[PDB]
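Shown next as structure tokens: one chain only, the form deposited in one PDB entry.
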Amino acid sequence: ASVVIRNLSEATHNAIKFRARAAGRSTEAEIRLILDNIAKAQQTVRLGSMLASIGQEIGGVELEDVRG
């Protein structure tokens, strides 16, 4: 998954370029991480693993189909 960002404030760019150099990363890598970080923040719950647990707690079910 890739995405472009045009018309990015030239000041903002340097600020990010700086932050990346400060850490030992490339600018792209730094974007990836400042992004991935807030994303993990939005992740209040992981539906998949959540339902799975419920599955494992009961040894798994097999609901009837019910649907013409």
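So that there is no doubt, residue numbering starts at 1 and follows the sequence shown. By rigid core we mean the largest C-alpha set that fits within 1.5 Å across both forms. Residues that one form lacks are left out of the comparison.
Keep in mind that the form deposited in another entry is not shown, yet the notes after this line are about it.
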task = Indicate whether residue 9 shows a C-alpha shift of 2 Å or more between this form and the one not shown, with the rigid core used for the fit.
result = no
query = For residue 52, is the CA shift between this form and the one not shown at least 2 Å following rigid-core superposition?
reply = yes
request  = Looking in that other deposited form, decide if the C-alpha atoms of residue 37 and residue 54 are closer or farther than in the form shown; they differ by 3 Å or more.
outcome  = closer
ask   = Just the runs, please: which groups of three or more residues in a row shift their CA by 2 Å or more between this form and the one not shown on the core?
value = 45-64
